[PDB]
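Shown next: model.cif, containing mmCIF, C-alpha atoms and all ligand atoms.
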data_target
loop_
_atom_site.label_atom_id
_atom_site.label_comp_id
_atom_site.auth_asym_id
_atom_site.auth_seq_id
_atom_site.Cartn_x
_atom_site.Cartn_y
_atom_site.Cartn_z
CA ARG A 8 99.30 21.83 138.26
CA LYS A 9 95.51 21.78 138.98
CA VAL A 10 95.56 25.11 137.10
CA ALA A 11 95.94 23.19 133.83
CA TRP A 12 93.00 20.94 134.74
CA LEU A 13 90.94 24.09 135.18
CA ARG A 14 91.91 25.50 131.77
CA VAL A 15 90.81 22.25 130.13
CA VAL A 16 87.60 22.26 132.21
CA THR A 17 86.88 25.81 131.06
CA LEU A 18 87.43 25.01 127.40
CA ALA A 19 85.02 22.10 127.98
CA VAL A 20 82.33 24.24 129.53
CA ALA A 21 82.74 26.57 126.54
CA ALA A 22 82.14 23.55 124.30
CA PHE A 23 79.01 22.85 126.39
CA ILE A 24 77.73 26.36 125.71
CA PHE A 25 78.52 26.32 121.99
CA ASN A 26 76.82 22.97 121.44
CA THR A 27 73.75 23.69 123.61
CA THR A 28 73.14 26.72 121.40
CA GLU A 29 73.82 24.70 118.27
CA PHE A 30 71.23 22.10 119.37
CA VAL A 31 68.49 23.89 121.35
CA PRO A 32 66.65 25.53 118.37
CA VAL A 33 65.25 22.03 117.78
CA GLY A 34 63.73 22.26 121.23
CA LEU A 35 62.48 25.83 120.66
CA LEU A 36 61.10 25.68 117.10
CA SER A 37 57.42 26.05 117.97
CA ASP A 38 57.93 28.89 120.50
CA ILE A 39 59.85 30.77 117.82
CA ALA A 40 57.18 29.96 115.22
CA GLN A 41 54.43 31.37 117.41
CA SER A 42 56.47 34.39 118.39
CA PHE A 43 56.81 35.42 114.75
CA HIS A 44 53.46 34.13 113.39
CA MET A 45 54.94 31.56 110.94
CA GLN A 46 55.30 27.80 110.56
CA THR A 47 57.78 25.82 112.63
CA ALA A 48 59.01 24.33 109.34
CA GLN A 49 60.29 27.63 107.92
CA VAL A 50 62.42 28.04 111.13
CA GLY A 51 64.09 24.85 110.06
CA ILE A 52 66.06 27.21 107.91
CA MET A 53 67.67 28.65 111.02
CA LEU A 54 68.73 25.13 111.66
CA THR A 55 70.15 24.92 108.14
CA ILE A 56 71.66 28.38 107.97
CA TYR A 57 73.75 27.84 111.07
CA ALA A 58 75.02 24.36 110.19
CA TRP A 59 75.93 25.05 106.55
CA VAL A 60 77.57 28.33 107.59
CA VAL A 61 79.63 26.59 110.28
CA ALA A 62 80.74 23.89 107.87
CA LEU A 63 81.73 26.01 104.88
CA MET A 64 83.15 28.93 106.88
CA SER A 65 85.16 27.19 109.60
CA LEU A 66 87.96 26.51 107.08
CA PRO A 67 88.38 30.14 105.80
CA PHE A 68 87.99 31.40 109.36
CA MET A 69 90.46 28.96 110.87
CA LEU A 70 92.59 30.12 107.92
CA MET A 71 92.34 33.89 108.51
CA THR A 72 92.65 33.49 112.31
CA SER A 73 95.86 31.48 111.95
CA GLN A 74 98.21 34.25 113.14
CA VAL A 75 97.02 35.13 116.68
CA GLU A 76 95.37 32.20 118.47
CA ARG A 77 96.21 34.11 121.63
CA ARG A 78 93.55 34.52 124.27
CA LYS A 79 92.84 37.57 122.10
CA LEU A 80 91.08 35.32 119.59
CA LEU A 81 89.12 33.57 122.38
CA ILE A 82 88.00 36.86 123.89
CA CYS A 83 87.07 38.30 120.50
CA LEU A 84 85.05 35.13 119.85
CA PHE A 85 83.28 35.16 123.18
CA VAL A 86 82.42 38.83 122.69
CA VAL A 87 80.90 38.04 119.26
CA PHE A 88 79.12 34.97 120.70
CA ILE A 89 77.47 36.73 123.64
CA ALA A 90 76.50 39.60 121.34
CA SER A 91 74.77 37.28 118.84
CA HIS A 92 72.86 35.56 121.64
CA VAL A 93 71.81 38.95 122.97
CA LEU A 94 70.52 39.86 119.52
CA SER A 95 68.50 36.60 119.41
CA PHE A 96 67.00 37.69 122.71
CA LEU A 97 65.67 40.90 121.05
CA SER A 98 64.73 39.49 117.62
CA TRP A 99 61.68 41.23 116.10
CA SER A 100 61.58 39.27 112.81
CA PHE A 101 62.66 35.74 111.99
CA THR A 102 65.17 37.41 109.63
CA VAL A 103 66.79 39.01 112.64
CA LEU A 104 67.00 35.65 114.44
CA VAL A 105 68.63 34.04 111.37
CA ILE A 106 71.22 36.82 111.34
CA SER A 107 71.91 36.23 115.03
CA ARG A 108 72.32 32.50 114.35
CA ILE A 109 74.84 33.41 111.65
CA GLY A 110 76.85 35.20 114.32
CA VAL A 111 76.72 32.16 116.58
CA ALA A 112 78.00 30.16 113.60
CA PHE A 113 81.08 32.37 113.03
CA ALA A 114 81.86 32.13 116.74
CA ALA A 115 81.46 28.36 116.70
CA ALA A 116 83.54 28.03 113.50
CA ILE A 117 86.55 29.81 115.02
CA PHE A 118 85.89 28.45 118.50
CA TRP A 119 85.98 24.84 117.40
CA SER A 120 89.24 24.95 115.50
CA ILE A 121 90.91 26.95 118.24
CA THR A 122 89.41 24.93 121.15
CA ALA A 123 90.24 21.51 119.78
CA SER A 124 93.83 22.75 119.35
CA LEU A 125 93.99 24.54 122.73
CA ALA A 126 92.58 21.89 125.08
CA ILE A 127 95.77 19.82 124.76
CA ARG A 128 98.32 22.66 124.79
CA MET A 129 97.13 23.62 128.31
CA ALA A 130 97.30 20.12 129.88
CA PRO A 131 100.03 17.50 130.58
CA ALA A 132 101.02 14.49 128.39
CA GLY A 133 98.79 11.83 130.01
CA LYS A 134 95.93 14.33 129.87
CA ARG A 135 96.53 14.78 126.14
CA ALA A 136 93.87 12.12 125.66
CA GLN A 137 91.88 12.86 128.81
CA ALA A 138 91.64 16.53 127.78
CA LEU A 139 90.03 15.38 124.55
CA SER A 140 87.66 13.22 126.63
CA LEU A 141 86.78 16.33 128.70
CA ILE A 142 85.69 18.71 126.01
CA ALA A 143 83.90 15.83 124.29
CA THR A 144 82.05 15.24 127.56
CA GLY A 145 80.96 18.85 127.40
CA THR A 146 79.36 18.35 124.02
CA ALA A 147 77.71 15.21 125.44
CA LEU A 148 76.38 17.16 128.38
CA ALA A 149 75.26 19.53 125.59
CA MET A 150 72.92 17.11 123.86
CA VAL A 151 72.07 15.04 126.97
CA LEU A 152 71.37 17.87 129.42
CA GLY A 153 71.94 21.10 127.47
CA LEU A 154 69.13 20.86 124.93
CA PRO A 155 66.42 19.93 127.49
CA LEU A 156 67.50 22.62 129.96
CA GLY A 157 67.32 25.16 127.11
CA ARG A 158 63.87 23.91 126.20
CA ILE A 159 62.51 24.08 129.73
CA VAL A 160 64.02 27.56 130.29
CA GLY A 161 62.05 28.48 127.14
CA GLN A 162 58.89 26.86 128.47
CA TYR A 163 59.16 28.98 131.57
CA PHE A 164 60.43 32.31 130.42
CA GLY A 165 60.23 32.37 126.64
CA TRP A 166 62.88 31.09 124.30
CA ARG A 167 64.30 34.62 124.56
CA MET A 168 65.18 33.71 128.13
CA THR A 169 66.53 30.41 126.78
CA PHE A 170 69.03 32.15 124.47
CA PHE A 171 69.62 34.75 127.19
CA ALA A 172 70.57 32.16 129.80
CA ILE A 173 72.95 30.66 127.22
CA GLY A 174 74.63 34.00 126.54
CA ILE A 175 74.91 34.35 130.31
CA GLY A 176 76.88 31.10 130.54
CA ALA A 177 79.02 32.50 127.72
CA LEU A 178 79.68 35.72 129.68
CA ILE A 179 80.75 34.10 132.92
CA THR A 180 83.06 31.87 130.88
CA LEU A 181 84.52 34.84 128.92
CA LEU A 182 85.43 36.27 132.29
CA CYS A 183 86.93 32.98 133.44
CA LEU A 184 88.92 32.88 130.24
CA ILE A 185 90.28 36.39 130.69
CA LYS A 186 91.34 35.46 134.24
CA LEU A 187 92.82 32.04 133.25
CA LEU A 188 93.88 32.23 129.59
CA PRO A 189 97.66 32.11 129.61
CA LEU A 190 98.24 34.53 126.67
CA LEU A 191 98.80 31.32 124.73
CA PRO A 192 99.52 31.68 120.90
CA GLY A 197 99.07 24.13 109.87
CA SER A 198 98.25 20.75 108.31
CA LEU A 199 96.08 21.95 105.45
CA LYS A 200 98.45 20.78 102.67
CA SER A 201 97.22 17.31 103.71
CA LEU A 202 93.79 18.27 102.32
CA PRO A 203 94.25 17.28 98.61
CA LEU A 204 95.67 13.85 99.57
CA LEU A 205 92.55 13.01 101.57
CA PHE A 206 90.48 14.24 98.63
CA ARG A 207 92.29 11.55 96.59
CA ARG A 208 91.81 8.45 98.80
CA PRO A 209 88.54 6.78 97.79
CA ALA A 210 87.97 5.04 101.10
CA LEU A 211 88.03 8.28 103.11
CA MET A 212 85.94 10.21 100.56
CA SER A 213 83.45 7.35 100.58
CA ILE A 214 83.17 7.43 104.35
CA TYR A 215 82.54 11.18 103.96
CA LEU A 216 79.73 10.43 101.49
CA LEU A 217 78.16 7.79 103.71
CA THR A 218 78.15 10.22 106.61
CA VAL A 219 76.50 12.98 104.57
CA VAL A 220 73.68 10.65 103.42
CA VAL A 221 72.94 9.04 106.83
CA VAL A 222 73.04 12.38 108.59
CA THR A 223 70.69 13.91 106.04
CA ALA A 224 68.26 11.07 106.81
CA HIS A 225 68.60 11.60 110.56
CA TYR A 226 68.22 15.36 110.53
CA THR A 227 65.33 15.25 107.99
CA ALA A 228 63.34 13.67 110.78
CA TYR A 229 65.02 14.91 113.97
CA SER A 230 65.13 18.64 113.10
CA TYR A 231 61.33 18.76 113.24
CA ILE A 232 60.76 16.38 116.12
CA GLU A 233 59.27 18.88 118.55
CA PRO A 234 56.74 20.26 115.99
CA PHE A 235 56.11 16.62 115.10
CA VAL A 236 55.30 15.46 118.61
CA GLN A 237 52.93 18.36 119.20
CA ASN A 238 51.36 19.21 115.85
CA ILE A 239 51.05 15.63 114.52
CA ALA A 240 50.94 13.18 117.40
CA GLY A 241 48.76 15.72 119.18
CA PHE A 242 50.76 15.25 122.36
CA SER A 243 51.87 17.75 125.02
CA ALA A 244 54.86 20.14 124.97
CA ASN A 245 56.29 18.52 128.11
CA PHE A 246 56.24 15.19 126.27
CA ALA A 247 58.52 16.67 123.63
CA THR A 248 60.82 17.59 126.49
CA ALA A 249 60.78 13.97 127.67
CA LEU A 250 61.75 12.82 124.16
CA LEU A 251 64.74 15.12 123.98
CA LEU A 252 65.96 13.89 127.38
CA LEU A 253 65.37 10.29 126.22
CA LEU A 254 67.39 10.75 123.03
CA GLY A 255 70.22 11.94 125.26
CA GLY A 256 70.04 8.90 127.50
CA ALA A 257 69.95 6.57 124.49
CA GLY A 258 73.12 8.23 123.22
CA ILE A 259 74.62 7.34 126.60
CA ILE A 260 73.46 3.74 126.09
CA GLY A 261 74.80 3.70 122.52
CA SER A 262 78.17 4.82 123.83
CA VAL A 263 78.28 1.99 126.35
CA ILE A 264 76.95 -0.54 123.81
CA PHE A 265 79.64 0.52 121.35
CA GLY A 266 82.30 0.54 124.08
CA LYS A 267 81.13 -2.92 125.16
CA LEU A 268 81.05 -4.46 121.67
CA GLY A 269 84.40 -3.06 120.61
CA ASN A 270 85.74 -2.10 117.18
CA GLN A 271 85.86 -5.63 115.66
CA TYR A 272 82.13 -5.16 115.07
CA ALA A 273 82.44 -1.42 114.28
CA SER A 274 81.47 -1.78 110.60
CA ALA A 275 78.90 -4.35 111.68
CA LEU A 276 77.60 -2.20 114.51
CA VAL A 277 77.20 0.73 112.14
CA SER A 278 75.58 -1.13 109.31
CA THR A 279 73.17 -2.75 111.73
CA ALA A 280 72.56 0.63 113.37
CA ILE A 281 71.75 2.16 109.97
CA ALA A 282 69.23 -0.66 109.60
CA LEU A 283 67.79 0.36 113.00
CA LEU A 284 67.55 3.96 111.78
CA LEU A 285 65.58 2.92 108.68
CA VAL A 286 63.24 0.97 110.96
CA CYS A 287 62.82 3.99 113.21
CA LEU A 288 62.17 6.41 110.33
CA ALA A 289 59.71 3.99 108.71
CA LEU A 290 57.85 3.31 112.00
CA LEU A 291 57.95 7.09 113.11
CA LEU A 292 54.41 8.01 112.13
CA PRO A 293 52.82 4.66 113.19
CA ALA A 294 54.48 4.96 116.59
CA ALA A 295 52.52 8.23 117.10
CA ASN A 296 49.09 6.60 117.61
CA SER A 297 50.27 5.89 121.16
CA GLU A 298 52.68 7.64 123.47
CA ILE A 299 54.61 4.60 124.70
CA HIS A 300 55.36 3.56 121.07
CA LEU A 301 57.17 6.84 120.39
CA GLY A 302 59.01 6.34 123.66
CA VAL A 303 60.38 2.98 122.64
CA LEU A 304 61.20 4.41 119.19
CA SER A 305 63.19 7.25 120.78
CA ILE A 306 65.30 4.88 122.87
CA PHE A 307 66.06 2.87 119.74
CA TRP A 308 66.67 5.97 117.61
CA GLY A 309 69.16 7.44 120.08
CA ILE A 310 71.16 4.26 120.57
CA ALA A 311 71.22 3.90 116.78
CA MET A 312 72.48 7.30 115.78
CA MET A 313 75.04 7.28 118.59
CA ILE A 314 76.50 3.99 117.39
CA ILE A 315 76.43 5.24 113.74
CA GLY A 316 78.31 8.33 114.78
CA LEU A 317 80.99 6.49 116.77
CA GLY A 318 81.45 4.06 113.90
CA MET A 319 81.84 6.69 111.15
CA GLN A 320 84.26 8.48 113.48
CA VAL A 321 86.38 5.37 114.01
CA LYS A 322 86.32 4.79 110.26
CA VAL A 323 87.57 8.27 109.36
CA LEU A 324 90.19 7.84 112.07
CA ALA A 325 91.55 4.56 110.64
CA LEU A 326 91.27 5.72 106.99
CA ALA A 327 93.52 8.74 107.69
CA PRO A 328 95.98 7.94 110.49
CA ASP A 329 98.38 10.54 109.04
CA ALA A 330 95.93 13.57 109.33
CA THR A 331 93.61 13.02 112.33
CA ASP A 332 92.98 16.77 112.69
CA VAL A 333 92.12 17.69 109.09
CA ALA A 334 90.00 14.54 108.73
CA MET A 335 87.95 15.31 111.85
CA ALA A 336 87.59 18.87 110.55
CA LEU A 337 86.37 17.66 107.17
CA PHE A 338 84.28 15.28 109.22
CA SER A 339 82.38 17.83 111.31
CA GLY A 340 82.19 19.91 108.13
CA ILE A 341 80.43 17.30 106.09
CA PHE A 342 78.44 16.40 109.21
CA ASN A 343 77.01 19.92 109.56
CA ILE A 344 76.55 19.83 105.79
CA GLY A 345 74.19 16.95 106.41
CA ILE A 346 72.56 18.52 109.46
CA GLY A 347 71.49 21.45 107.29
CA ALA A 348 70.69 19.17 104.33
CA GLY A 349 68.33 17.14 106.50
CA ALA A 350 66.73 20.21 108.02
CA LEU A 351 66.29 21.63 104.54
CA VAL A 352 64.64 18.52 103.12
CA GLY A 353 62.58 18.18 106.28
CA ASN A 354 61.50 21.76 105.70
CA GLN A 355 60.66 21.05 102.10
CA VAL A 356 58.65 17.91 102.93
CA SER A 357 56.88 19.58 105.85
CA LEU A 358 55.93 22.56 103.67
CA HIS A 359 54.84 20.82 100.42
CA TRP A 360 53.80 17.33 101.60
CA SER A 361 52.62 16.77 105.20
CA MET A 362 55.20 16.97 107.97
CA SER A 363 53.68 13.60 108.96
CA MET A 364 55.69 12.02 106.16
CA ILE A 365 59.18 13.25 107.24
CA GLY A 366 59.98 9.84 108.77
CA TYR A 367 58.95 8.06 105.58
CA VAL A 368 60.91 10.46 103.40
CA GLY A 369 63.86 10.13 105.77
CA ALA A 370 64.11 6.39 105.17
CA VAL A 371 65.07 6.99 101.55
CA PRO A 372 68.56 8.39 102.28
CA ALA A 373 68.96 5.95 105.22
CA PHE A 374 68.41 2.96 102.90
CA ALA A 375 70.98 4.38 100.47
CA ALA A 376 73.41 4.63 103.38
CA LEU A 377 72.61 1.06 104.48
CA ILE A 378 73.27 -0.43 101.03
CA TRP A 379 76.32 1.72 100.43
CA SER A 380 77.40 1.06 104.02
CA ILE A 381 77.36 -2.70 103.51
CA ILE A 382 79.26 -2.35 100.22
CA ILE A 383 82.10 -0.12 101.48
CA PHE A 384 82.55 -2.02 104.73
CA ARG A 385 83.17 -5.09 102.66
CA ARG A 386 85.92 -3.27 100.73
CA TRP A 387 88.17 -1.52 103.29
CA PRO A 388 87.82 -3.51 106.50
CA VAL A 389 90.15 -1.27 108.50
CA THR A 390 89.60 -0.09 112.15
CA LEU A 391 91.41 1.13 115.30
CA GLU A 392 92.31 -0.96 118.35
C1 LIG A 401 89.61 21.52 106.80
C2 LIG A 401 88.51 21.88 105.79
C3 LIG A 401 87.26 22.45 106.48
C4 LIG A 401 87.16 21.95 107.93
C5 LIG A 401 85.95 22.51 108.73
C6 LIG A 401 86.13 22.01 110.20
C7 LIG A 401 85.27 22.71 111.29
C8 LIG A 401 83.77 22.32 111.20
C9 LIG A 401 83.10 22.64 112.57
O1 LIG A 401 83.15 21.54 113.47
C10 LIG A 401 82.57 21.61 114.72
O2 LIG A 401 83.31 20.76 115.74
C11 LIG A 401 82.56 20.16 116.89
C12 LIG A 401 83.06 18.77 117.15
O3 LIG A 401 82.15 18.18 118.05
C13 LIG A 401 81.04 20.02 116.71
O4 LIG A 401 80.33 19.86 117.97
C14 LIG A 401 80.50 21.16 115.92
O5 LIG A 401 79.08 20.92 115.77
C15 LIG A 401 81.14 21.16 114.58
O6 LIG A 401 80.49 22.10 113.72
#
Would you mind giving the structure from this file in structure tokens?
Ligand SMILES: CCCCCCCCCO[C@@H]1O[C@H](CO)[C@@H](O)[C@H](O)[C@H]1O
Amino acid sequence: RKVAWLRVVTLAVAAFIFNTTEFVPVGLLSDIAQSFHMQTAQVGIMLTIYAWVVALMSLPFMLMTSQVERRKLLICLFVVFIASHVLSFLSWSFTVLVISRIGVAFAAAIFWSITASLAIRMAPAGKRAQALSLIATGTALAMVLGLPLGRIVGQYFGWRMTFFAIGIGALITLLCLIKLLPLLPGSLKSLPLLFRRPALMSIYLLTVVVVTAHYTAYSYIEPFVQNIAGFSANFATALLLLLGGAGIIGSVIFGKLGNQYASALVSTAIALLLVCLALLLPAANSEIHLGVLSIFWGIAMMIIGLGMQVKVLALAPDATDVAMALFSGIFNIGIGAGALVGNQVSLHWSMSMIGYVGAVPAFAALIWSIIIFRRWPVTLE
């Protein structure tokens, strides 16, 4: 009975680990830049490399791993994951670190498909939803607590110790899995149908554009706060914690408002995001200005996320799985797209302009957002 609750809790902690690793390079960019004598912007590629790999490869991986989803696949994953983190610990060239990130990406690609599927199969019927809420909470604890813990463990002991501590969480959980996995062992034909419905494909587009805006600025926030506002390294840590809390507030704001205003919430939130990206550099002349702007930014992108999610949910009630898969796929597509353009703008123009540049896709989203929310006003309840 409480056994099953533990198996869900362990899949959730594994989600925590996989997302803290997926996020924390933002918090470690400058330490990594120093430690290889290069610009923080070029590491943005490690941000891009992982995300685009995860997106494009999760489908062929989840495809080739389709036969044995037994704890064998989990253990194989966790072995590959802890190994990659261990290689990041000992990286002697940025090229090495990028390779290690690629390994984390393969692990995450297979982990996510398998873990989504597995959290339910190991829990009772009423916990079929609560189990979802658990591993989701893990990912929340990932961006809310996980990124700032990783960044402070880097401030103390090197980002090598950051990645090391993460692999260590992975190891104790691989053990837990071996000692709790129950030896436990295809909706892809849906895929062309979704590719046909214009509403769903247009939500996919709107996501890609807004997320490219957001990650164009966010990917390089730590190097921004230090190198351009001139502020401390601890202050960057405060901002990452603050973004987490604002995501908590955006969740409760969204949960309070309800889905009647979902389209509205989102479109207005995209407006907020444009404001934040426009006002990013001006808010640097003072510390408290960037603090306000972080609260607003975090609430905004949280509400945008929850809204796009609800929209893909309502636009494909027949294939919730494949749509959320395509969803995280195009989402990581945008994560890497934003990091890549942020890299390009940091390298060729000043990094001080990322916020300004970022507003350009955001605006597009906003306009498009308004348009498409006029046209398919469909939601959940
Ligand atoms: C079906 C065609 C291709 C589908 C590809 C689907 C898998 C994409 C990976 O999704 C992952 O799931 C988690 C959900 O939170 C995220 O935290 C993680 O960052 C995200 O990368």
Produce as a ChimeraX atom specification the set of residues near ligand LIG 401 (chain A), where near means within 10 Å with all atoms listed in the file considered. /A:22-23,25-27,29-30,57-70,112-113,115-123,142-147,149-150,198-202,332-344,346
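We find atom CA of residue 54 of chain A and atom CA of residue 33 of chain A to be spaced 7.7 Å apart.
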Name all residues at most 7 Å from residue 323 of chain A (count all atoms listed in the file; drop same-chain ones fewer than 3 positions away) and give them as a PDB file with C-alpha atoms, in the frame of the given file.
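In the end it all went to part-v6.pdb:
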ATOM      1  CA  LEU A 211      88.030   8.280 103.110  1.00  0.00           C
ATOM      2  CA  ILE A 214      83.170   7.430 104.350  1.00  0.00           C
ATOM      3  CA  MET A 319      81.840   6.690 111.150  1.00  0.00           C
ATOM      4  CA  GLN A 320      84.260   8.480 113.480  1.00  0.00           C
ATOM      5  CA  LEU A 326      91.270   5.720 106.990  1.00  0.00           C
ATOM      6  CA  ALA A 327      93.520   8.740 107.690  1.00  0.00           C
ATOM      7  CA  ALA A 334      90.000  14.540 108.730  1.00  0.00           C
TER       8      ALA A 334
END
Which residue of A:295, A:356, A:228, A:259 approaches residue 241 of chain A most closely, using all atoms listed in the file: A:295
One decimal, in Å: what's the spacing between atom CA of residue 15 of chain A and atom CA of residue 96 of chain A? 29.3 Å
Give me, as a Markdown table, the closest atom pair and its distance (Å, one decimal) for every residue of segment 113-156 of chain A within a cut-off of 9 Å of segment 242-256 of chain A, counting all atoms listed in the file, rows sorted by chain and rising number.
| residue | atom | partner | partner_atom | distance |
| --- | --- | --- | --- | --- |
| A:147 | CA | A:255 | CA | 8.2 |
| A:148 | CA | A:255 | CA | 8.7 |
| A:150 | CA | A:255 | CA | 6.0 |
| A:151 | CA | A:255 | CA | 4.0 |
| A:152 | CA | A:252 | CA | 7.0 |
| A:154 | CA | A:251 | CA | 7.3 |
| A:155 | CA | A:252 | CA | 6.1 |
Separation of atom CA of residue 16 of chain A from atom CA of residue 157 of chain A, in Å and rounded to one decimal: 21.1 Å
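Minimum distance to residue 99 of chain A across A:173, A:377, A:39, A:184 (counting all atoms listed in the file) occurs at A:39.
Restricting the calculation to only C-alpha atoms, the smallest distance between residue 182 of chain A and any of A:108, A:78, A:322, A:158 is found for A:78.
Considering the residues A:240, A:180, A:156, A:136 and counting only C-alpha atoms, residue 298 of chain A has its shortest atom-to-atom contact with A:240.
By chain and then residue number, the residues within 12 Å of residue 210 of chain A are residues 204, 205, 206, 214, 215, 216, 217, 319, 322, 323, 324, 325, 326, 327, 380, 382, 383, 384, 385, 386, 387, 388 and 389 of chain A, counting all atoms listed in the file and disregarding those fewer than 4 positions away in sequence.
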Around all of segment 355-374 of chain A's listed atoms, make the axis-aligned box with 3 Å on each side and tell me centre and edge lengths in Å to one decimal, as JSON.
{"center_x": 60.8, "center_y": 12.8, "center_z": 104.7, "size_x": 22.3, "size_y": 25.6, "size_z": 14.5}
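Across A:169, A:305, A:124, A:361, the tightest approach to residue 290 of chain A is made by A:305 when counting only C-alpha atoms.
Distances from A:126, A:362, A:285, A:52 to residue 106 of chain A were compared using all atoms listed in the file, and the smallest one belongs to A:52.
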Could you list, as an NGL selection string, every residue within 12 Å of residue 271 of chain A, counting only C-alpha atoms and ignoring same-chain residues fewer than 4 positions away? :A and (265-267 or 275-277 or 318 or 321-322 or 384 or 388-392)
Distance cut-off 12 Å, centre (62.0, 22.9, 108.9) in file coordinates, counting all atoms listed in the file: which residues qualify? Return them as a PyMOL selection string. chain A and resi 32-33+36-37+40+45-56+226-235+346-359+361-362+365
Just so I have it separately, write segment 178-219 of chain A from the block I sent, keeping C-alpha atoms, as a short mmCIF file (atom, residue, chain, number, x, y, z; two decimals), in the first residue's frame.
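To be explicit, this is the file written out as out00.cif:
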data_model
loop_
_atom_site.label_atom_id
_atom_site.label_comp_id
_atom_site.auth_asym_id
_atom_site.auth_seq_id
_atom_site.Cartn_x
_atom_site.Cartn_y
_atom_site.Cartn_z
CA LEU A 178 23.29 7.35 -7.41
CA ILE A 179 21.34 7.08 -4.18
CA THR A 180 18.16 7.05 -6.27
CA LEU A 181 19.52 4.35 -8.66
CA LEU A 182 20.01 2.25 -5.57
CA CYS A 183 16.51 3.02 -4.30
CA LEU A 184 15.19 2.06 -7.70
CA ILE A 185 17.00 -1.26 -7.74
CA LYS A 186 15.59 -2.01 -4.27
CA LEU A 187 12.02 -0.81 -5.11
CA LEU A 188 11.51 -1.18 -8.87
CA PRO A 189 8.99 -3.98 -9.29
CA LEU A 190 10.50 -5.51 -12.50
CA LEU A 191 7.69 -3.60 -14.18
CA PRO A 192 7.52 -3.80 -18.08
CA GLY A 197 2.08 2.99 -28.25
CA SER A 198 0.03 6.00 -29.38
CA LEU A 199 2.36 7.31 -32.06
CA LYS A 200 -0.04 6.68 -34.98
CA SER A 201 -1.92 9.66 -33.49
CA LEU A 202 1.02 11.86 -34.53
CA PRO A 203 -0.01 12.69 -38.17
CA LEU A 204 -3.56 13.65 -37.07
CA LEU A 205 -2.22 16.25 -34.64
CA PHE A 206 0.07 17.48 -37.42
CA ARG A 207 -3.14 18.13 -39.40
CA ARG A 208 -5.22 20.12 -36.88
CA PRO A 209 -4.40 23.81 -37.33
CA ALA A 210 -5.38 24.85 -33.83
CA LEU A 211 -2.95 22.44 -32.15
CA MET A 212 -0.12 23.19 -34.59
CA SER A 213 -0.71 26.88 -34.02
CA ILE A 214 -0.49 26.48 -30.26
CA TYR A 215 2.79 24.64 -30.92
CA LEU A 216 4.03 27.61 -32.95
CA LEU A 217 3.00 30.14 -30.33
CA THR A 218 4.85 28.17 -27.68
CA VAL A 219 8.04 27.98 -29.75
#
